[PDB]
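Before any comments, here is the structure.
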Amino acid sequence: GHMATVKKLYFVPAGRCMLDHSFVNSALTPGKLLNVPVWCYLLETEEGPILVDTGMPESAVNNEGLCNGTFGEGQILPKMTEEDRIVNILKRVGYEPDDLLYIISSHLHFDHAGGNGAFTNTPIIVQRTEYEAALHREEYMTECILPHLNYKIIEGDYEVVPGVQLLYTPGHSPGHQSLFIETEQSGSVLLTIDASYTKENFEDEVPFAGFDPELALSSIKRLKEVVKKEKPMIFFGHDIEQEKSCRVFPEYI
Ligand SMILES: [Zn+2]
Ligand SMILES: [Zn+2]
């Protein structure tokens, strides 16, 4: 109870998503799709296992056309098989939903909270501003904001357990949050999540898809201050190049 660090941080592939390249660089003219990774993260901690995000909804399985009839039509195409349903991922890894200590929702976009309905008992940690936006903004799916789950609504920065900190990073979505994790093997790790899809969104401040790009920039600024102080390893949300060098399950950091 001694532990200031998490035992293991796993990067867990949870399917993929086609995004128009204008999502990763808002200046690009639409018309080329990128097959970007979708992630969830598994933390093995002294208090129990913690899952960060829950993949895509069952409606996306074998259904690349999910975003027909919406703003995302032809620009967002989920790449999800039956194997990528979060319960299946978890079962292969070694867990059932009720085994988890917490779920952390970085935000409620379909590629992060599609699986939330699987977890009916586990507290789901989500920002108030994200929860309230999800009750109306139309980039949100029904599946991402089911009414009777055990939500643990928080406001701003928050310590989940020792070694697991949430950093409020709104802009990509109204209540987006990133993670700062201290691991036994690696020390300080910053999971930007979608506060930057790619390394150039972060380092070069290349604009990318978001609810409020001005806020997204300030959140990036704030992360840069944390980086200056902590010098962490930094992992981006939907980065095909960085993915190439990521250690992924069963490897951990
Ligand atoms: Zn998102
Ligand atoms: Zn995302």
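Note: ideal-geometry Cβ built from the backbone for every residue, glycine included; neighbour counts use all protein chains shown. Here, each number is a calculation from the coordinates, and none is a lab measurement.
Among the residues here, residue 77 does not qualify as more than 19 Å from residue 239 (Cβ to Cβ) and surrounded by 14 or more Cβ atoms within 10 Å (Cβ to Cβ). When residue 194 is tested against (1) within 16 Å of ligand 2 (Cβ to nearest atom); (2) farther than 21 Å from residue 38 by Cβ; (3) surrounded by 16 or more Cβ atoms within 10 Å (Cβ to Cβ), exactly one condition is not met: (2).
Across the range 8-28, the qualifying residues are those that are of a type in the set (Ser, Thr, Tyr) and outside any strand (DSSP E or B), and the one among them that is surrounded by the fewest Cβ atoms within 10 Å (Cβ to Cβ) is 26. Applying the criterion of being loosely packed, with under 15 Cβ neighbours inside 10 Å and in contact (Cβ under 8 Å) with a residue 24 or more places away in the chain to the residues of the range 29-43, the residue that is nearest to residue 102 (Cα to Cα) is 35. Note on the range 113-147: residues that are farther than 16 Å from residue 102 by Cα and without any contact (Cβ under 8 Å) to a residue 60 or more places away in the chain amount to 13. Among residues of the range 236-251 that are touching a residue at least 24 places away in the same chain (Cβ under 8 Å), those with a Cβ under 8 angstrom from a residue that is within 16 Å of ligand 2 (Cβ to nearest atom) and small (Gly, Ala, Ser), sequence gap 6+ or separate chain, pair up as 236/196; 237/195; 237/196.
Among what's in the range 34-50 and is at negative phi and more than 16 Å from ligand 2 (Cβ to nearest atom), pick the residue that is nearest to the chain's Cα centre (by Cα).
By that ranking, first place goes to 42.
Restricting the range 207-232 to residues that are without any contact (Cβ under 8 Å) to a residue 60 or more places away in the chain and in a loop (DSSP other than H, G, I, E, B), which is surrounded by the most Cβ atoms within 10 Å (Cβ to Cβ)? Among them, the one singled out is 210.
The set of residues in the range 46-93 that are part of a strand (DSSP E or B) and touching a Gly at 6+ places or on another chain (Cβ under 8 Å) comprises 77, 78, 79, 80. Residue check: is residue 111 surrounded by fewer than 14 Cβ atoms within 10 Å (Cβ to Cβ) and part of a helix (DSSP H, G or I)? It is false that residue 111 is surrounded by fewer than 14 Cβ atoms within 10 Å (Cβ to Cβ) and part of a helix (DSSP H, G or I).
Of all residues in the range 148-172, how many are closer than 24 Å to residue 97 by Cα and either touching an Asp or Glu at 6+ places or on another chain (Cβ under 9 Å) or part of a strand (DSSP E or B) (or both)?
Summing the residues that are closer than 24 Å to residue 97 by Cα and either touching an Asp or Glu at 6+ places or on another chain (Cβ under 9 Å) or part of a strand (DSSP E or B) (or both) in the range 148-172 gives 13.
Of the residues screened, residue 108 is one that is of a type in the set (A, V, I, L, M) and either within 12 Å of ligand 1 (Cβ to nearest atom) or over 23 Å from residue 17 (Cβ atoms) (or both). Counting only residues that are under 26 Å from residue 135 (Cβ atoms), more than 16 Å from ligand 2 (Cβ to nearest atom) and of a type in the set (A, V, I, L, M), the range 80-100 holds 2 of them. Taken together, the criteria exclude residue 54 from residues that are more than 16 Å from ligand 2 (Cβ to nearest atom) and not charged (D, E, K, R).
Hey, any hits in the range 181-189 for a residue that's buried (at least 21 other Cβ atoms within 10 Å of the Cβ), within 22 Å of residue 8 (Cβ to Cβ), among the β-branched types (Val, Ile, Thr) and touching a helix residue (DSSP H, G or I) at 6+ places or on another chain (Cβ under 7 Å)? There is no residue in the range 181-189 that is buried (at least 21 other Cβ atoms within 10 Å of the Cβ), within 22 Å of residue 8 (Cβ to Cβ), among the β-branched types (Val, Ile, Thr) and touching a helix residue (DSSP H, G or I) at 6+ places or on another chain (Cβ under 7 Å).
Quick grid of which residues meet (1) at negative phi; (2) under 17 Å from the mean Cα position of the chain (by Cα); (3) in a helix (DSSP H, G or I); (4) more than 16 Å from ligand 2 (Cβ to nearest atom):
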position: 174; (1), (2), (3), (4): yes, yes, no, no
position: 200; (1), (2), (3), (4): yes, no, yes, yes
position: 234; (1), (2), (3), (4): yes, yes, no, yes
position: 241; (1), (2), (3), (4): yes, no, yes, yes
